[PDB]
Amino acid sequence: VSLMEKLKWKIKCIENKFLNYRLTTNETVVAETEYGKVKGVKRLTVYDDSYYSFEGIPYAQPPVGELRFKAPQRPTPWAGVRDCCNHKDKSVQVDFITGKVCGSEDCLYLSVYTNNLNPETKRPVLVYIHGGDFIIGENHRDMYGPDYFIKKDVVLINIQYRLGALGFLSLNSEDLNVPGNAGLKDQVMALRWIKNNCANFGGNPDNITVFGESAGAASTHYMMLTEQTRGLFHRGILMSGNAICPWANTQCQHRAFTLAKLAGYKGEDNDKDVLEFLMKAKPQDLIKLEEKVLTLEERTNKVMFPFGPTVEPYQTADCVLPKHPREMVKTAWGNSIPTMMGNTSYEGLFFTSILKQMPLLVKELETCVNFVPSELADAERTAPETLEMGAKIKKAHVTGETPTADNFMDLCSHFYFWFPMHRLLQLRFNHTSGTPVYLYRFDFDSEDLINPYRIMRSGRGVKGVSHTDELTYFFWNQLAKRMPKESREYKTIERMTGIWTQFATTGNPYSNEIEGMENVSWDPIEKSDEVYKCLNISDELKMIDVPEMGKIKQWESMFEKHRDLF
């Protein structure tokens, strides 16, 4: 971080501030929810479009007090009208910009947007789950503005959910009712709310699409895997992630003690005692100490968060993940809804700033043993079999005698995204209804329009399409500008929100009404397919064999002697 980027992020927080009231109209409106009436307000986009905005709709009790670390509870209804013209606070988290803890425990809200409260027809409902490694993110319009999607005749709903330890503490003791995955349970409860209330905003509750990017894609997939949500929605879109990514699940039941100890707990390792301590701690303290929880061994083995989705140690009424994600795929109801999956063309560029701070990471590619799937690798990663498996990875990404920064980030594309996509596609094909899955490859590179995560990746002036680079063409953010209607950037916004709304409506992403898609023939992946085909989205829209396929089969060959684990 810079002093520089702490300062003008705050003045474009000042410009957000002013422009949010400027682009507001004095036209307010009331809507029906099964919990009572809510009061929204009409807003304008910098494209002179307009939409109704309902923010701060609670779908659960504020998870404070004795409700902390607990499954979400249905909220208390209200007579009169609830104010929904201003956003609530985000989940407690460390500001990636300022390094300071922000947000509140009082964060279980969703936001509803639509350009027409009274449409003539029941509209497709799109529900977005933000990423942020399960430790940051929000549904504020400074990061996730609905301004592009409201050009289309859909209803868009952005949800929040508990993050970090507050969302994902897990204790083994049945007595304590902290089994884990509270934040996933937040998502469940918000989905249920959406099914039972979207009609009152003009949305068709029989045509609901859930989508998310990163941890948000892992989350979307989890919502497709769990029994808790069966039939609640009808399409799913997984943007750069899924539930069987190695990073998307962790056994964290031992780390609550560690967190307590970091926070000053005195006493023995006892779940009851640890929980009581954690229950009284200041929220901002737990969240800031979270970054010290992972051990050296865990960081080496590529654990990406201390507290995240987990296999719950016992079942409860609200249990979301009763088994390993791979096992859940076997009977997943979401296996049988139309699905779109995709990745950017240089995902791993995202890890630039991490790489910059920890340059020695590039030496991991000397043997690549640390990137071998942990289920295949030995503990110390010194076994000859592990060296052999690492050599397969090395041959896939190391271009010279010595690995470089870019070899590292190319490998990261596969470890984190492409290889888990391939494993999911294949696992799902062995247990699916035969409903279609479509692949996209987002390959549109621009420096003229960006989003705040570009700063995170320290990609202020790099070349390639990094993880999260596509969000820019879906959502308004406080760094966005009005772009010329003729610009390559404006044309991509229309294409992206176009394909996403087309898929949401029909379960098929192709429309000849989309500019650049005339010669496109977008078929889904078949079980018999040996090479994946994808819509490559660049300045042109082109159906191509996935370029990453060779490297994908190379990773797959690590499982030659262990096919049962693939």
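Numbering starts at 1 and follows the sequence shown.
As the entry records it, the average C-alpha temperature factor is higher for 479-487, out of 422-430 and 479-487. Look at the C-alpha B-factors of 295-303 and of 195-203. On average they run higher in 195-203. Of the candidates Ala504, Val38, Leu535, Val531, the one whose C-alpha carries the top B factor in the deposited record is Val38.
As recorded in the entry, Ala79 carries the highest CA temperature factor of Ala79, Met496, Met341, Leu108.
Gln315 sits in the highest third of its chain by CA B factor, as recorded in the PDB entry. Sorting the modelled residues of the chain by their CA temperature factor places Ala217 in the lowest third. In the deposited entry, the Cα temperature factor of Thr121 places it in the highest third of its chain's modelled residues. Per-chain ranking of the deposited C-alpha B factor places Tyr453 in the highest third. Ranked against the other modelled residues of its chain, the C-alpha B-factor of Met543 as given in the entry falls in the middle third.
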